[PDB]
Amino acid sequence: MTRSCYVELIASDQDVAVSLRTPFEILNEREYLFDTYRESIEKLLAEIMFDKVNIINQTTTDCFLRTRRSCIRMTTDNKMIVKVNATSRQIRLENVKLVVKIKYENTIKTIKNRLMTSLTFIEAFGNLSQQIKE
C-alpha cells in the first residue's frame, strides 16, 4: 500500500495474479511508468520467488512479454530477477519461469464524482500562478 497505488498479489498453486488499484490514469498517462511502482512490483515478485519456490519451479521458456505483463526470469549466474514490461513495446526475454498479467483498476464513487467538482479552484490558482510571474 502506497500513497498513490495499492498493489495486490494473489498467489495460488497454479496461477499467480498481480493487480494494481489506483484512482488515477494508471500507467502514467497512456502506457508509461513511474519508477516506484516498478520497484515495488519487482520486490514483490522477488519475494514470492523465495517464498513460493515450488509453485514457480516450472520449465524455462522463451516468450514475448506483452503489454501489462511481468515475468520471473533466470540470469546467467542462476540468480532469479524480475522485469515488468511497463514499456510500450513487447519485450523479448529468456529463461522465463512465470508470466503474470497485471490487472490495473480504474456509493462512495457516486459522491466522489461530485465532490471533486465541488472544488473548482485548481484553474483559479492556475490563473493566479500565471498572474504572479509579472
Of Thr36, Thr2, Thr22, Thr60, the only residue that is more than 21 Å from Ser88 (Cα to Cα), under 13 Å from the mean Cα position of the chain (by Cα) and of a type in the set (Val, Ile, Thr) is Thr2
Wholly inside region 39-134, helices (runs of 4 or more DSSP H) that include 2 or more residues that are in contact with a strand residue (DSSP E or B) (Cβ under 9 Å, 6 or more places away or on another chain) and surrounded by 10 or more Cβ atoms within 10 Å (Cβ to Cβ) are 53-56
Flagged in region 42-73 as more than 15 Å from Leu20 (Cβ to Cβ) and polar (S, T, N, Q), in numbering order, are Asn54, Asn57, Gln58, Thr59, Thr60, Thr61
Condition set of a type in the set (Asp, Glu) and over 14 Å from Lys101 (Cα atoms), scope region 6-27, selection surrounded by the most Cβ atoms within 10 Å (Cβ to Cβ): answer is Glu25
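Laboratory data are not the source of any read-out in this text; all were calculated from the coordinates shown. Counting neighbours? That spans all protein chains shown, and the Cβs are built from the backbone with ideal geometry, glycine included.
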